[PDB]
Amino acid sequence: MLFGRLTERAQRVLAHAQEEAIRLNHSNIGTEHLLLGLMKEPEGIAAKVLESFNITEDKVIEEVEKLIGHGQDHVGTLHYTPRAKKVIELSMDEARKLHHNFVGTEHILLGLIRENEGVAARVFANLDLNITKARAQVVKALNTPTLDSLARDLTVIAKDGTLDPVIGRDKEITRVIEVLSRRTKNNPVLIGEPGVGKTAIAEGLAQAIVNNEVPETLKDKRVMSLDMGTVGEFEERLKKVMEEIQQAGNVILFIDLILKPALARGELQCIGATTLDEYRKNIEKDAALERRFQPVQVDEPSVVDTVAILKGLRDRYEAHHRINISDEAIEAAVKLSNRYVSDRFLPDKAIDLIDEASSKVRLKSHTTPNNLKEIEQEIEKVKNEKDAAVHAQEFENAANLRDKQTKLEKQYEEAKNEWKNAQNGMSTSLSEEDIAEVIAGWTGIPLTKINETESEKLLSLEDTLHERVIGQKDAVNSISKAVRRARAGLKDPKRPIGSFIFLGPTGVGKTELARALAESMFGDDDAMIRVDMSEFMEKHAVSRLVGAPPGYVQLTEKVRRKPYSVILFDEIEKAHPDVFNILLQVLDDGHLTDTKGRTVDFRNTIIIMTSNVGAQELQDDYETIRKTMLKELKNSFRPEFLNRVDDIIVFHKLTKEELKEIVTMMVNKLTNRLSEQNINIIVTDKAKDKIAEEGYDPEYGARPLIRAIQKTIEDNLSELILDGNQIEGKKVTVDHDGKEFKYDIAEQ
Amino acid sequence: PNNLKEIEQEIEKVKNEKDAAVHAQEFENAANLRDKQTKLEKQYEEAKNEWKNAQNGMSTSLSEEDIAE
Amino acid sequence: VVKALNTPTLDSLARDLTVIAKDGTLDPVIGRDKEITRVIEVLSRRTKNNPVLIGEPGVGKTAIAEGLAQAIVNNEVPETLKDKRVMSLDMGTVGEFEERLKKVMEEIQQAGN
Amino acid sequence: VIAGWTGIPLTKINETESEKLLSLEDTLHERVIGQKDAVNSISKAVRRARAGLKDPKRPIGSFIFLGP
Ligand SMILES: Nc1ncnc2c1ncn2[C@@H]1O[C@H](COP(=O)(O)OP(=O)(O)OP(=O)(O)O)[C@@H](O)[C@H]1O
Ligand SMILES: Nc1ncnc2c1ncn2[C@@H]1O[C@H](COP(=O)(O)OP(=O)(O)OP(=O)(O)O)[C@@H](O)[C@H]1O
Ligand SMILES: Nc1ncnc2c1ncn2[C@@H]1O[C@H](COP(=O)(O)OP(=O)(O)O)[C@@H](O)[C@H]1O
Ligand SMILES: Nc1ncnc2c1ncn2[C@@H]1O[C@H](COP(=O)(O)OP(=O)(O)O)[C@@H](O)[C@H]1O
């Protein structure tokens, strides 16, 4: 209700303020332009207020010109400063306070004086005029009682317009008014999980009533909602509400779960709000309500709709915080909130993030630049000295103290004015850097990962994986090339990011490769959901990872809280055949449905299945090996299951030269953990060869290497550490002389 | 059909301007506003009557395209 | 040396913290350098501007508000949070009790600080 | 003062926590006689977590006892 409340006189003032920026060569419309535009319209009520206060027009211009400056500007893009919209926001509040229904020129002056931060506020402040003095100047110069008492009305709240408008839910309003206009099943039921928005749906329907948007069929109908917090003694009160509604003919009920006769005859047009879990348990089982309800699919809005909602609601937050918000930050905040936070859905997680970012930047910017603190301390100490001198009957020093205090106060006022002029001159825009800092503190993701543009991360994936998984270039290149095709858009959007089958000897590094891929993609090492197929052997176990059937009492619950995770399966060849039917659905459709009816998404998860089959054949070119291993893979698996796999990964055996690099990587990783003590650890080539043959076993792979390192290097290092900081800040060298392990202690 | 919305907005803004002028102790400008509001109400009534007469004159029949949609 | 030298209703059941902090009789709140900033950050938001201290009893929750009032005397709070008295409601005081909060909440809104 | 709240003898509180872990093998053998490998393995495994070689988030250690 912006243009609907402004009168003809206010539009002239706004036009004058807009045209003043062109003459003043200002690219932004500040609070000073509104004051100048108001003095050029001596026809409204505000003219008489300033006339009685001995305030002319020429004095205001010369007073406001000194505070402001002059500079270059651009052509067009004449927007409003964040401080300027606060006056417009306060004018409506002032109009509502005085029991008025219009926004004229008499409210612009009142709103300009309540800012206390812009250029216009100081002009009134310097003329011994405050809010209290100007408040009285304009004032002196100027039915169904049971239902309305046992429930909460909605049209009354929407009539005043004190809440944010419902923007972006236009699709559901049309469906609701379409269902309400039907003859049979004219009682829509809002179906959706708690967290996507269901109570606010009726608020949007009620808002359109005031705007005269509903047709004549839905014209002049009050919206009433019956809360569940007010409920044998309560049954005597509901018998009269239904009778009152029937006699009125215009009351619309809104419930969230006796009333079977009321709904069978079409007497009450109630709107349900029950979730899908209870809809199939308290409504579908009853035939009386099955023929009178129409479910409506209500879910969270898409990413594009959230950007529009935030753009529509941008003006509201730019006034309470007085921080300019650019378009680049709005589109980034929604993406960041949808990427990391996955517990409250949309769009409630996109407004609080930008609100916190704006509050943080306003708090950081609105501080003292080490200028007023010293002056305030000097004023305080001078006042204390004067107070001490007064009680000491020392009037000789008090004369000098009073003059010093007056000079300090004058300097403090000048410094505050010159400090606030600079702050008013500049603009505090919001960028993605501020939002990244706020979002980093909620999950713990390092700032170096959030600021990534998701452009160089995929290109350097081959180098990142080799840091933790050395060797096996064929396995790394295949997955790096297969994961980027789905992200670019070459693959079907509904299918998951990728599906792979790990084959080869046990203990070769499949789990380490999965952990490295998860850390390099999602930025977290613990963002992996490990599902062990060893426990899924009987038919009764298939109801565990998909959901417990009703009447009796995993994967779906875990994947919902972490939509960005790598699913890892162990021993996929040992599982119940019914599990493959569930698994194929994930790869084909992309989403599952549990017993509660809630649908989980799998478009942001990498499915990795590890099988031990074919290990006995390798131990007895990469393309030839893949072709030979493919024939034996379908012998015990479904012929059509392997067609849905993006690629087959075959690992190779670990040679003698590859084992030295594993020990080197382990030593380097151990060194990083001792960064707090500044310990340098270096291992010679002889020691790496000596320790490699101790745990050399093709059956276990690199597993025996950890035990040898922990029993050889760590055991001797721990004793030296616990000798009273013997090697604190020094260099430790490990060299094998041939018989035992020689540890030489040096300096750093 | 994008006919009565503008007339309703004009009537609303004229009523709001008259209400603002009443509290401003400016009765000279309110005389024209009252006549303008009366003329706008008469025009709105005529436009609504002629719009609903045309709707009553015609009939809407369902086709196979609507069922398919 | 001696010879040679307001909202009263709202404050009836609540104790003002800044009055106690002005004299400096209690120990200064030193150590909560990250909680006062978080509280003043949450209080400066358009939505969800009512922070709630969550923690087990024994880590310190009532004393957190003392530090917020302490910064008022030291001129550390910004202009938005300048000259605002903080009152703590006593839970041990409580139909009969419903008539007292209505008068307190009306005065709190009118005071604005 | 702190000894009077838990009953811990003063000889136990006043320790540098540097020689107690080093002499853990001798201390355990006083009350447990035999099976030197089990005592040595746990004595070497428990001192690595306190030194800092083990991740701070994980606990001090985990052991599985097997045998009669
Ligand atoms: N390419 C590699 N380079 C260095 N170390 C590796 C490599 N592959 C595996 N490792 C090491 O293997 C060790 C064992 O890892 P983990 O216990 O996850 O088993 P795995 O070898 O992946 O086998 P499995 O698939 O049978 O569980 C890890 O500590 C890791 O350091
Ligand atoms: N190596 C040992 N040195 C000294 N005493 C020992 C040793 N092993 C066992 N004991 C003593 O044996 C006694 C009998 O209990 P024991 O330790 O044999 O069984 P346990 O380990 O407690 O049995 P369970 O496995 O059934 O719980 C104990 O009081 C213990 O002092
Ligand atoms: N059209 C909309 N635009 C922006 N935010 C909305 C819209 N509709 C609902 N919301 C948000 O949803 C929240 C209320 O959700 P609620 O109705 O409680 O969900 P549920 O009914 O599932 O508990 C409000 O805080 C509001 O910000
Ligand atoms: N910043 C601080 N520095 C030192 N001590 C503090 C600080 N904040 C609180 N305390 C201690 O906490 C105690 C009060 O705890 P209290 O708030 O009553 O805990 P709870 O609210 O859980 O009962 C005081 O005795 C005080 O010594």
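Chain order of the listed sequences is G, X, L and Z.
Position in the first sequence (first residue = 1) + 2 = our numbering.
Position in the second sequence (first residue = 1) + 4 = our numbering.
Position in the third sequence (first residue = 1) + 133 = our numbering.
Position in the fourth sequence (first residue = 1) + 1390 = our numbering.
No residue lacks a Cβ here, since even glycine has one placed at the ideal position from N, Cα and C.
On the DSSP letters alone, give me the boundaries of the alpha helix (DSSP H) that residue i sits inside.
{"i": "Z:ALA1428", "result": "1426-1441"}
{"i": "G:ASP172", "result": "172-182"}
{"i": "G:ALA127", "result": "121-127"}
{"i": "G:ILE203", "result": "201-212"}
Can you check DSSP and say which residues form a bridge with residue i?
{"i": "G:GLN74", "result": "Beta-bridge pairing links G:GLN74 to no other residue."}
{"i": "G:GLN296", "result": "G:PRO190"}
{"i": "G:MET530", "result": "G:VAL568"}
{"i": "G:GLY500", "result": "G:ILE608"}
{"i": "G:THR601", "result": "G:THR595"}
{"i": "G:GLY274", "result": "G:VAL191"}
{"i": "G:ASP737", "result": "G:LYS744"}
{"i": "G:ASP155", "result": "G:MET226"}
Note down, in chain order, each residue of its chain lying with its Cβ closer than 6 Å to the Cβ of residue i, except the 5 sequence neighbours on either side.
{"i": "L:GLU240", "result": "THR140, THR142 and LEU143"}
{"i": "G:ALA275", "result": "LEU192, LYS200 and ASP258"}
{"i": "G:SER482", "result": "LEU463 and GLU464"}
{"i": "G:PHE256", "result": "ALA204, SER227 and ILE273"}
{"i": "G:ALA321", "result": "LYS87, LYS88 and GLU91"}
Would you give the residue range spanned by the beta strand (DSSP E) that residue i belongs to?
{"i": "L:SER221", "result": "220-222"}
{"i": "G:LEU594", "result": "593-595"}
{"i": "G:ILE311", "result": "Element bounds for G:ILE311: not the beta strand (DSSP E) but the alpha helix (DSSP H), 305-314."}
{"i": "L:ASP160", "result": "No beta strand (DSSP E) holds L:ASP160; DSSP gives it neither H nor E."}
{"i": "residue 1 of chain G", "result": "As displayed, chain G neither begins before 3 nor continues past 750, which places residue 1 of chain G out of reach and without an answer."}
{"i": "G:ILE711", "result": "Segment 705-723 is the alpha helix (DSSP H) holding G:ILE711; no beta strand (DSSP E) there."}
{"i": "Z:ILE1423", "result": "Where Z:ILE1423 is concerned, there is no enclosing beta strand (DSSP E), given that its DSSP letter is neither H nor E."}
Between the alpha carbons of residue i and residue j, how many angstroms are there, rounded?
{"i": "G:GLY194", "j": "G:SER304", "result": "15 Å"}
{"i": "G:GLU721", "j": "G:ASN674", "result": "19 Å"}
{"i": "G:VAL510", "j": "G:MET230", "result": "59 Å"}
{"i": "G:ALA490", "j": "G:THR455", "result": "14 Å"}
{"i": "G:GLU416", "j": "G:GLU65", "result": "16 Å"}
{"i": "L:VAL172", "j": "L:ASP216", "result": "16 Å"}
{"i": "L:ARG218", "j": "L:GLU168", "result": "19 Å"}
{"i": "G:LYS512", "j": "G:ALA518", "result": "10 Å"}
{"i": "X:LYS40", "j": "X:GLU12", "result": "13 Å"}
{"i": "X:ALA24", "j": "G:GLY46", "result": "10 Å"}
{"i": "G:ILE441", "j": "G:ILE353", "result": "13 Å"}
{"i": "G:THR626", "j": "Z:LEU1443", "result": "44 Å"}
{"i": "G:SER29", "j": "G:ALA17", "result": "15 Å"}
{"i": "G:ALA86", "j": "L:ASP166", "result": "34 Å"}
{"i": "G:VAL533", "j": "G:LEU270", "result": "50 Å"}
{"i": "G:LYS744", "j": "Z:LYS1426", "result": "25 Å"}
{"i": "G:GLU521", "j": "G:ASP527", "result": "5 Å"}
{"i": "L:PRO211", "j": "L:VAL175", "result": "14 Å"}
{"i": "Z:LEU1418", "j": "Z:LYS1410", "result": "11 Å"}
Leaving out five residues before and five after residue i in sequence, what residues of the same chain have Cβ atoms less than 8 Å from its Cβ?
{"i": "G:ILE110", "result": "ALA12, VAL15, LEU36, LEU40, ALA48, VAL89 and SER93"}
{"i": "G:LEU410", "result": "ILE377, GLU380, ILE381 and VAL384"}
{"i": "G:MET668", "result": "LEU707, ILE708 and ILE711"}
Identify, in the order they occur along the chain, each residue of the same chain with its Cβ nearer than 7 Å to the Cβ of residue i, setting aside the five sequence neighbours on each side.
{"i": "G:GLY106", "result": "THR9, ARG11, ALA12, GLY46 and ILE47"}
{"i": "residue 2 of chain G", "result": "Chain G is shown from 3 up to 750; residue 2 of chain G falls before or after that span and cannot be answered."}
{"i": "G:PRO552", "result": "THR597"}
For the region 1409-1435 of chain Z, list every residue whose C-beta sits within 7 Å of some C-beta in chain G, in sequence order.
Residues of the region 1409-1435 of chain Z that bring their beta carbon within less than 7 Å of a beta carbon in chain G comprise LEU1411, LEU1412 and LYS1434, in sequence order.
Interface positions of the region 589-618 of chain G facing chain Z (Cβ-Cβ less than 7 Å), listed along the chain:
Taking 7 Å as the Cβ-Cβ cut-off against chain Z, none of the residues of the region 589-618 of chain G qualify.
Can you list, in chain order, the residues of the region 718-734 of chain G whose Cβ is nearer than 8 Å to any Cβ on chain Z?
Here the close residues are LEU719, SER720, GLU721, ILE723, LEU724, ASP725 and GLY726.
For the region 321-344 of chain G, which residues have a beta carbon sitting closer than 9 Å to at least one beta carbon of chain L?
Flagged, chain order: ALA321, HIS322 and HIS323.
Would you list, in chain order, the members of the region 671-683 of chain G that have their beta-carbon closer than 8 Å to a beta-carbon of chain Z?
Those residues of the region 671-683 of chain G that come within reach of chain Z (Cβ to Cβ, closer than 8 Å) are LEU672, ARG675, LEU676, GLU678 and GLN679.
Beta carbon nearer than 5 Å to a non-hydrogen atom of ligand 5
Absence of ligand 5 from the depicted structure is noted, with ligand 1, ligand 2, ligand 3 and ligand 4 being the only ligands included.
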